[PDB]
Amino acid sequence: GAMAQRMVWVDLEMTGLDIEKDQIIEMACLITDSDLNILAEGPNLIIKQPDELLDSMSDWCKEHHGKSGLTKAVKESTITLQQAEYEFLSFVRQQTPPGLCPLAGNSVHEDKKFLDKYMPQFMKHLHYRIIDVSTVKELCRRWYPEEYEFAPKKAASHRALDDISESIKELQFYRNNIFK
């Protein structure tokens, strides 16, 4: 299909939910065509942030980023936020025409909040539209409870790029099972 009909899937991992204090610690990007066919995997980058920020994280955040092995990789990182944005923006410019492709993901409103503040040039390459798999998830649970039960459970967190894969798989499941 047309490059203007491609989707830009992102997944971010952050120190918390507070847009004033918290920072982006991991990011991944993936391109699919309009029908969710896999076109190209983008960078998977672990971004350096201070130790003070990593220790002030919520008890849920501290354990979940520890078992996935992220906090260790954040502490050994040489990638700055600015360097990561340059990598992500370069990749999407090579894959999509400017300001025409949507952001896609799971509860991707949360990621957009952090991308709007900390990666505004990357966000200018994207159109205003959002494709949020979690809106489809909520409608599946209500309107198609039988199909919702058969969907696979999500795997344990590894890296942001694997989380995007699970989000794509989830929306493909919805298309395959609850769309006309």
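Numbering starts at 1 and follows the sequence shown. For the two forms, the rigid core is made up of the largest set of C-alpha atoms that agree within 1.5 Å on superposition.
A fit on the rigid core, followed by a root mean square over CA positions in 5 other deposited structures of this protein, ranks 115 to 123 against 140 to 148 and picks 140 to 148 as the more shifted one. Per the compared records, residue 168 is resolved in all of the other entries whose models span it, so no third of them omit it. The records show that residue 10 is included in the coordinate set of every other eligible entry of this protein, so it is not omitted in a third of them. Annotation for 40 to 48 versus 26 to 34: the higher mean temperature factor (C-alpha) is found in 40 to 48. Stretches 143 to 151 and 54 to 62 differ in mean C-alpha B factor, with the higher average recorded for 54 to 62. Highest C-alpha temperature factor among 79, 100, 104, 89 per the entry: 79.
Among 164, 12, 156, 171, the highest C-alpha B-factor in the deposited entry belongs to 156. Among all modelled residues in its chain, residue 68 ranks in the highest third by Cα B-factor. Among the modelled residues of its chain, residue 75 has a C-alpha B-factor that falls in the highest third, as given in the PDB entry.
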